[PDB]
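Peer 1: Here is my input; please provide its structure:
(12 chains, ligands or ions: 2)
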Amino acid sequence: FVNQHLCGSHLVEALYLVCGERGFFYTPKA
Amino acid sequence: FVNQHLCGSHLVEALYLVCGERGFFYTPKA
Amino acid sequence: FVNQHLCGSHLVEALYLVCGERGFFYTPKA
Amino acid sequence: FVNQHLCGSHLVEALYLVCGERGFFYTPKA
Amino acid sequence: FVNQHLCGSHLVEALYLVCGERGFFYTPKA
Amino acid sequence: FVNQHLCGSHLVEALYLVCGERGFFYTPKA
Amino acid sequence: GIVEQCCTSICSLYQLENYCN
Amino acid sequence: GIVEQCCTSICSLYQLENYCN
Amino acid sequence: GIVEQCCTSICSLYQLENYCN
Amino acid sequence: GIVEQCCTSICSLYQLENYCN
Amino acid sequence: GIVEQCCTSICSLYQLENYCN
Amino acid sequence: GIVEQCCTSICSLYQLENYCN
Ligand SMILES: [Zn+2]
Ligand SMILES: [Zn+2]
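Peer 2: Residues are numbered from 1 along each chain as shown, chains lettered A, B, ... in the order given. Ligands and ions are numbered 1, 2, ... in the order given. Below is the structure:
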């Protein structure tokens, strides 16, 4: 795996890919 | 607004759009 | 619902989500 | 170019790619 | 067809659309 | 990491995330 | 849960707001 | 319409151009 | 217009509803 | 190939790495 | 946090795993 | 190359066809 520049909805798609049926929390600072 | 079939990554994009700065949880076990 | 920064194809995905089977027009200035 | 099955939001991304600056209408009732 | 500004994952989606079952190579410089 | 059903453009986004700077090939005939 | 409401069945943007933090 | 052509059936990028403004 | 506003500034899902059919 | 592994069946991110250049 | 880091800097899929349930 | 051009400049769907198999 390589480092990622992920902004906006692209970060949520990556979380979905990584976590799958395990689920995930999306929690931005402010 | 309209009722959608939203699945897989589409469901997570929808949560991002709707929740944004508040953040969200995606928990398909629940 | 929260305010949205939506550029490019991200704006069209949001329109699809909001309008659904109602359909929509995508009409950029210039 | 090739023939694709294009559905839901994928169809709208395809219209954005193909039409761009011209804009488009998505009217699934029609 | 119109000219495209395509960065990141948006370029890969366009390749998928253009090439389909023919497949494609995604080969960034560096 | 988890096991996903990944199809069509979703499979290509996954390859982009995983491969990034290395690039990738998408060859569904193979 | 969310999958059952929004993927098997159909759900509104208002129902989706139930999953905001 | 578009759904029938491009989702049930299969359609080309040229057919998609029919829906540009 | 909407395209311009949502990108150079900010816009709401309620503004986007103005573009449905 | 990839479709059979990752779309009909299920595949891991590690299997996806087999398709990096 | 993660949201901020992945966007203003860079992050890895292994860092993202910290956010699964 | 193509990746660089489409992002730092602009490119066409016909240029992208050069990358199909
Ligand atoms: Zn983007
Ligand atoms: Zn999809």
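Peer 1: for chain G, what's the longest helix?
Peer 2: The helix spanning the most residues in chain G, taking DSSP state H as the definition, is helix G:13-16.
Peer 1: Show me what that helix is packed up against.
Peer 2: Helices and strands touching helix G:13-16, as assessed by 3 or more CB pairs under 8 Å, 6 or more residues apart in numbering or on different chains; DSSP states H and E, comprise helix B:9-19. All C-beta spots, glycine's among them, are computed from the backbone N, C-alpha and C.
Peer 1: The next helix or strand after the helix it packs on near chain A at all?
Peer 2: Downstream of helix B:9-19, the next assigned helix or strand under DSSP states H and E is strand B:24-26. Yes - against chain A, strand B:24-26 shows contacts by CB under 8 Å from any CB of the partner chain at B:24-26.
Peer 1: ok so, going back, which of the residues in the longest helix of chain G are buried?
Peer 2: When neighbours are counted by 16 or more other CB atoms under 10 Å in any protein chain shown, the buried residues of helix G:13-16 are found to be G:13, G:16.
Peer 1: And for the residue of chain G found nearest chain F, the neighbour number?
Peer 2: Per CB to the nearest CB, residue G:7 is where chain G lies closest to chain F, at 13.0 Å. Using other CB atoms under 10 Å in any protein chain shown, residue G:7 has 17 other residues around it.
Peer 1: Would you agree it is in contact with residue B:6?
Peer 2: Yes - counting by CB atoms under 8 Å, residue B:6 is a contact partner of residue G:7 at 6.1 Å.
Peer 1: which residues does the most centrally placed residue in chain A contact?
Peer 2: Nearest to the geometric centre of chain A sits residue A:15, at 2.7 Å (CA atoms, centre = their mean). By CB atoms under 8 Å, 6 or more residues apart in numbering or on different chains, residue A:15 lies in contact with A:24, A:26, B:12, B:26, K:16, K:19-20.
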